[PDB]
There are 2 protein chains.
Amino acid sequence: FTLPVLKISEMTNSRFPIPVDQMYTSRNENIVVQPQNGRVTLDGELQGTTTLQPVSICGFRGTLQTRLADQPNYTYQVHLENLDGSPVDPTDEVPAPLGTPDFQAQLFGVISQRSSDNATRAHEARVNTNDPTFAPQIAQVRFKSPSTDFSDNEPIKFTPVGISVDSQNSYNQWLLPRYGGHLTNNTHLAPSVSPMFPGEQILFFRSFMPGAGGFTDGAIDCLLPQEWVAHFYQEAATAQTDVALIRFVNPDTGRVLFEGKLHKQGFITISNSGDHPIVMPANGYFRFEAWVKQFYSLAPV
Amino acid sequence: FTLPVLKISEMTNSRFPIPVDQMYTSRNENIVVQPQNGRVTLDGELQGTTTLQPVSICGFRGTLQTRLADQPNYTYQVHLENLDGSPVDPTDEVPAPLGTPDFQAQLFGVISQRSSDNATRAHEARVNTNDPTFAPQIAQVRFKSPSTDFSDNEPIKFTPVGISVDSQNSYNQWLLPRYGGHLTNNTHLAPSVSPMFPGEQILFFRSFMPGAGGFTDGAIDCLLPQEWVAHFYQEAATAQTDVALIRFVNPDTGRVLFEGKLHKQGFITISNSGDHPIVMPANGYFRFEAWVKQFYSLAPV
């Protein structure tokens, strides 16, 4: 069993298409940690809405249907396709199309269009993933743009950039959208994750999304870098036990700086308490040490 | 020596942060093919402006200096930094900061800003990589935005989305910007690439960039998918000869469909003539076969 040897700054957040900025740990009391992007088992089984390419996270494609005249200027109805262009089939055993955002926010980015004659246009757009009409599982999503320059019945692509916040639009990275819209309950979710030994917390790979209005640090925490997600999918290895002991090494000295448990479900725990960055030499990377058990007692970080 | 087993549909273009759409070949007569992103040797030596961050290709970080009142509404001067936050050191053996676009276009995307109090703002922006003032090698780049809403001395990020084309802004994917600006000549370039054997052409991984105005198919051709770039970098294998013979296998039949020459310089040649997509079974992928000599003779198509 192997891990990619990439540095923190050479890897991509698996929940938003930006580089990992830091490792981070927190207690997350009163929160069910259940991200749907960046979800893979150590055996390589993708879960949730996880896509393989980083550049597709929180992106979507589809067809622009109409401008909704009786909605705030200017709101448009989109009929989603899958990232591969195929029709969204709600009977698929996924919570929503691959790439769908897995958090509640005013998601900010650009809607672009290309016609059969290769005419193009693109403008800023915001997608409210906490609106009742947000129903990507059934292929219906709206965006709001300052521009009227969008063409009905032509293809669209959403390129995410960041989030915007205000009192009417909180950013809750741990609260899932209702992918079916309105009162529907989510289905086929990748399972929640929790540390399962006293003294342990999950170790996150944290990035700070750009903001497009309001005060926000944009912090978003993923369970595994996207490069690990694709690594495990490709390796399609069989986990020997439920827990791989991994060690964070500084290649400048070859010494181990700390260790963690890489769980079969696809997340890391460390022996540590509190909410804070885990600050480490920039060249450090994790390497697999051995298969162990849930009760392996980690050296405190 | 190993090659990743990803399908075409699972690949990222290494010259723009979008998925690969198709394999593509062309003659490229009268063109020095010398892309600077997506450049690595089979030994793992990164070249040109290649960044390991796939989402950061054609993106950049820096500091907004001022709005330039003498220029078209609204033009801002940026002092670049590197993608990893380190300052640009122009004596680095690179043509320009890692991630810099390697083509002449009006690049379209979003400039986002975060203030010291975590206030944020973001607006669409265009970067003309063919303007004489475009001088990323010495950390000077301008962008034009329809918004006046940017703050001086605060950090910015450019998130690329696509290109815009019009009478004053052609898109030439194979013509490099003058990274030093004005009349200066490029330095530290990744070498040009060319078939060296009768009947061979380069095999490219082609994607279609979003457009933000004008008629354009947005076609952009990379030498290696970003996943291979990162793989060769991490493996740092030894190229036993100057050419790895690679076989395109269809796992649906288990049989080889055609052969390519994967050159030590980091590009593929095939026996083929003309400009067209190379359409193959969707599950096919390249597999390393053997280390061969420069003059190994490939069978057609």
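- X-ray crystallography is the method the PDB entry lists for this structure, together with a resolution of 1.73 Å.

- Chain A is annotated in the PDB entry as Capsid protein (Fragment) from Human calicivirus strain Hu/NLV/Amsterdam/98-18/1998/NET.

A few points about the overall build of chain A
1) Next: Helix and strand content of chain A: one helix and 15 strands.
2) Next: Relative to its length of 301 residues, chain A is compact, with a C-alpha radius of gyration of 20 Å against a globular reference of 19 Å.
3) Next: Buried positions account for 58% of the 301 residues belonging to chain A.
4) Next: For chain A, long-range pairs separated by at least 24 residues make up 73% of all intrachain contacts whose partners lie at least 6 apart in sequence.
5) Next: Total accessible area on chain A is roughly 11800 Å²; 48% of this is exposed by carbon and sulfur atoms.

What to know about empty space enclosed by the protein
1) Next: Within the structure shown, the criterion is met by three cavities of 30 Å³ or more.
2) Next: Here the largest cavity defines a volume of roughly 80 Å³.
3) Next: The wall of the largest cavity is formed by 13 residues, among which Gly-59, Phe-60, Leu-80, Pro-97 and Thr-100 of chain B lie closest to the centre.
4) Next: For the lining of the largest cavity, the per-class residue count stands at nine nonpolar, three polar and one charged.
5) Next: Its boundaries defined by the atoms lining it, the second largest cavity holds a volume of some 70 Å³.
6) Next: Around the second largest cavity, the lining is made up of 14 residues, and of these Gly-59, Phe-60, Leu-80, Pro-97 and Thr-100 of chain A lie nearest the centre.
7) Next: Of the residues that constitute the lining of the second largest cavity, the class distribution is nine nonpolar, four polar and one charged.

Quick word on the layout of surface pockets
1) Next: What the second largest pocket holds in volume is close to 720 Å³.
2) Next: Looking at the second largest pocket, it is lined by 32 residues, and the ones nearest its centre are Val-20, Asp-21 and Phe-208 of chain A together with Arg-61 and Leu-83 of chain B.
3) Next: Counting only elements with at least two residues in the lining of the second largest pocket, the list comes to β1 (22–25) and β14 (276–278) of chain A together with β2 (60–67), β4 (106–114) and β7 (155–164) of chain B.
4) Next: Grouping the constituent residues of the lining of the second largest pocket by class yields 17 nonpolar, eight polar and seven charged.

Some points on the relation of the copies chain A and chain B
Look at the two chain copies: a rotation about an axis and a shift along it is all it takes to match them.
1) Next: Once chain A is rotated about the relating axis by 179° and shifted along it by 0.2 Å, it coincides with chain B to within an RMSD of 0.4 Å. Viewed as a symmetry operation, the transformation between the two copies matches a two-fold axis.
2) Next: A high fraction, 100%, of the interface residues of chain A reappear at the interface in chain B, so the copies pair face to face through one surface.

As for the nonpolar core
1) Next: In terms of nonpolar packing, the biggest core is built from 35 residues, with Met-23, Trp-228, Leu-262 and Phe-286 of chain A touching the most fellow members.
2) Next: Elements represented by at least two residues in this core include exactly β8 (200–208), α1 (226–235), β11 (243–250), β12 (255–263), β13 (267–271) and β15 (285–292) of chain A.
3) Next: Excluding residues that lie within four positions of it along the chain, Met-23 of chain A makes contacts with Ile-8, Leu-203, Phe-204, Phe-205, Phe-248, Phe-258, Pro-277, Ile-278, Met-280 and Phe-286 of chain A.
4) Next: Core analysis: the next-biggest nonpolar cluster, separate from the first, contains 30 residues, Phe-205, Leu-223, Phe-232 and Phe-248 of chain B among them.

Focus on the packing of aromatic side chains
1) Next: What the rule picks out here adds up to 32 aromatic pairs over all chains.
2) Next: Taking the centre distance of 5.3 Å and the plane angle of 45° together, the rings of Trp-174 of chain B and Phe-204 of chain B count as tilted. Taken together, the residues span a long stretch of sequence, with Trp-174 of chain B in the loop between β7 and β8 (200–208) and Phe-204 of chain B in strand β8 at a distance of 30 residues. We note that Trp-174 of chain B, like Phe-204 of chain B, is buried.
3) Next: Linked through ring pairs, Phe-1, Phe-205, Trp-228, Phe-232, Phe-248, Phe-258, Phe-286, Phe-288 and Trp-291 of chain A together constitute an aromatic cluster.

Structural notes on the state of the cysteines
All names here are of chain A.
1) Next: Following the criterion strictly, the structure yields zero disulfides over all chains and no others.
2) Next: Take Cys-58: it sits in no disulfide, and the sulfur closest to it among the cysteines is that of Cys-222, at 12 Å.
3) Next: Judged by relative accessible area, which is 0%, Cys-58 ranks as buried.
4) Next: The exposure class assigned to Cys-222 is buried, which follows from its relative accessible area of 0%.

What to know about the interface of chain A and chain B
1) Next: Each partner contributes residues to the interface: chain A has 45 residues there, and chain B has 46 residues.
2) Next: For the pairing of chain A and chain B, the buried interface totals around 3300 Å² over both sides, and the portion due to carbon and sulfur atoms is 56%.
3) Next: For chain A, the biggest contributors to the area lost against chain B are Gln-53, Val-55 and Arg-114 of chain A; these three give 17% of the whole.
4) Next: Viewed at the interface, chain B and chain A are joined by zero salt bridges.
5) Next: Remark: the boundary between chain A and chain B carries 17 residue pairs in polar contact.
6) Next: Looking at the side of chain A that touches chain B, the element that brings in the most residues is strand β5 (residues 119–128) of chain A, giving six residues.
7) Next: Its residues assigned to classes, the side of chain A that touches chain B comprises 21 nonpolar, 16 polar and eight charged.

Regarding α1 of chain A
Residue and element names in this part refer to chain A.
1) Next: With seven of 10 residues buried, α1 lies mostly within the body of the structure.
2) Next: Every buried residue of α1 is listed here: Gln-226, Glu-227, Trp-228, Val-229, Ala-230, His-231 and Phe-232.
3) Next: Among the structural elements, β11, β12, β13 and β15 are those in contact with the buried residues of α1.
4) Next: A positive backbone phi angle near 45° is found at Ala-236, which sits one or two residues after α1.

With respect to the pairing of strand β3 (residues 75–81) of chain B
Residue and element names in this part refer to chain B.
1) Next: Across the seven residues of β3, five count as buried, placing the element largely inside the fold.
2) Next: When β2 meets β3, the two strands line up antiparallel, connected through six bridges. Residue pairing across strands places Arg-61 opposite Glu-81, the latter belonging to β3.

What about the domain arrangement of chain A?
Interface size is often expressed as the accessible area that is lost when the parts come together.
Residues and elements named next belong to chain A.
1) Next: The domain architecture assigned to chain A consists of domain 1 (8–47 + 190–292) and domain 2 (57–164).
2) Next: Here the C-alpha centre of domain 2 lies 29 Å away from the C-alpha centre of domain 1.
3) Next: Taken together, the contact between domain 1 and domain 2 spans 17 residues of the former and 16 residues of the latter.
4) Next: Both sides of the domain 1 and domain 2 interface together cover about 1200 Å² of buried area, and 62% of this is carbon and sulfur.
5) Next: At the junction of domain 1 and domain 2, the tally comes to one salt bridge.
6) Next: For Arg-15, the salt bridge goes to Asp-102, with nearest N and O atoms at 2.9 Å.

Considering unusual backbone geometry
1) Next: Of the consecutive residues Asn-73 of chain A and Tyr-74 of chain A, the connecting peptide bond is found in the cis state with omega at -15°.
2) Next: Along the chain, the position of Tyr-74 of chain A falls in the loop between β2 (60–68) and β3 (75–81).
3) Next: One non-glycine residue, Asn-28 of chain A, lies in the positive phi region at around 55°.
4) Next: When you line up the elements, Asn-28 of chain A lands in the loop between β1 and β2.
5) Next: Unlike most non-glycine residues, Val-301 of chain B shows phi in positive territory, near 60°.
6) Next: Here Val-301 of chain B is to be found in the segment after β15 (285–292).

Here is what the cut-offs are and how they apply
- Residues numbered from 1 in each chain as written, not as in the entry; some residues may be left out.
- Chains lettered and ligands numbered in written order.
- Heavy atoms only, no water.
- Helix = DSSP H or I, 4+ residues; strand = E, 2+ residues; numbered from the N terminus.
- Rg over C-alpha atoms; globule rule 2.2 N^0.38 Å.
- Buried < 20%, exposed > 50% of the residue type's maximum accessible area, 1.4 Å probe, protein only.
- Contact = heavy atoms within 4.5 Å.
- Areas by Shrake-Rupley, 256 points an atom, 1.4 Å probe, with all protein chains shown as cover.
- 1 Å grid on protein atoms, 1.4 Å probe; cavity = no way out; pocket = protein on both sides within 12 Å on 5 of 7 lines; lining within 4 Å.
- Points joined across faces, edges and corners; volume = space filled by probe spheres on them.
- Nonpolar A, V, L, I, M, F, W, Y, C, P; charged D, E, K, R; others polar.
- Least-squares fit on C-alpha atoms.
- Core = buried A, V, L, I, M, F, W, Y, C linked by side-chain atoms within 4.5 Å.
- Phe/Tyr/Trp six-rings, centres within 6.5 Å; stacked < 30°, edge-to-face > 60°.
- Disulfide = S-S within 2.5 Å.
- Buried area = accessible area lost by both parts, 1.4 Å probe.
- Salt bridge = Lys/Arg side-chain N within 4 Å of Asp/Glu carboxyl O.
- Polar contact = N/O pair within 3.5 Å; in protein donor to acceptor, adjacent residues only side chain to side chain.
- Pairing = 2+ DSSP bridges.
- Domains from an automatic or database assignment.

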